[PDB]
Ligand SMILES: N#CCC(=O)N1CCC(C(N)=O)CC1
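In structure tokens, the next block holds one chain alone, the form solved without this ligand.
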């Protein structure tokens, strides 16, 4: 029925006021709470489908059925008159604060997900604390509040991606009539890092202010869940203590892996160090083949660097592989070299990194190909991008009872709840969910609404669009081609595709048939669009809008009746017609 909704809501909420929009008694109580600097959620019963039933079940707690009723942490406080009797007796503050625990919510991890959840939580009166600590890299790198996206992920790579795109702007400017000469222009890595770190510092500080100004307690300490309500924190001065919270949210992210080979941890770096490195990396070897490894080799080339990528097997494993190879074939034609079907054996240090004069060392990389041929080349820097993983042993005592899948990730129900009942996990460590910063923000905000404001909304994790920020960007939404065929069979899958050329690339004398797009649709379902794929500039801005249509179950008919915006790259989606089965060429 409706009853157990109301028991969960009243039991979980901190300060909550069942109210009416038109009732003047309720309105005077609200303004009392505002003047009292008392935050709370407000369930206005007159704008819900069955508010009349909810007033009936309110009597199951309060022996009354009128409005307003105020509750604090499961307890019925009183009706109108009762609460202002507390106010002009000055007993209100004592009763709204009193609680079995120190906090209504402890969040372990101050990243995209945790900070999102704590800021939405304190909005509804939940007494909240948020914990964040950055264990240093093996060479000692460190950064402030915000998470992986803010300090060592989406933010600084797209800015470094942007510095690389700008090199083609300088090339293109001549053909559009600008007097400059691209041949006479070099890049300065340190000036870039300083501007990138300046914007990161603004984000760091701005998060501390958001927490300060929302009544969230920020603790720069490493917390560890020892029991289902108990968190054991460690100071900057290694000082250890214990706080307690009613509800706990785990959101501590992942960190870079290294291969188990000698020299790796000692002499190489990872993405965590690349964004604040104080010297240009020089001649660089990137080991791996995920979006991290391509994106970084991507801009490192565009800034004049001598870049090699060492690929064990395939590029972008798990993405559509036609597009993967189109991505990779572009980078190879524009500077990035690849050593295909090759794997590393050890790293020898020939020269130490020169802190004083600000210059890299010199390394020797020993490898072998699959056939058995041997690799051996000198490199000034070696970056490892061979995956990321959580380390929940540092965060979670075995004995508390939280179930971990075979990767170390947290098994949650579809509302983010662990096996222990009052503990939840969001973000990269939620098992089998897409590891993206906008996902972690939605899970975090939609969970806080459910805990402290009686919400029902769940996070939808399906058909979440992505974009890979390689020199030519690749945005995608939905299934890949190979996956659609495997799920429904080659006969039932029809693919529309077509090359294109940006107008902007005409005067600039760029390639005619590298930019490509395709719609993978299902025949026996009115040609429903299953996945969408585009390789070209601004692929992120192109793809986004269609993510809404695809959540709404778009079909090829819907794309055909929508008119294009001319001249854009994106309008090519509105008039696709060549089918893969037909065999007709997709060139311009």
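Residue numbers count along the first chain shown, from 1.
What comes next is about the form solved in complex with this ligand, which is not displayed.
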property: Contacting member of 95, 203, 159, 265, with respect to this ligand in the bound PDB entry [4.5 Å, heavy atom]; result: 265
property: Option touching this ligand, based on a heavy atom within 4.5 Å in the bound PDB entry, out of 213, 512, 91, 260; result: 260
property: Any non-hydrogen atom of residue 74 within 4.5 angstroms of this ligand in the bound PDB entry; result: no
property: Residue 177, heavy atom within 4.5 angstroms of this ligand in the bound PDB entry; result: no
property: Exercise: residue 137 in contact with this ligand in the bound PDB entry, heavy atom 4.5 Å; result: yes
property: Partner contact for residue 255 in the bound PDB entry: this ligand, 4.5 angstroms, heavy atom; result: yes
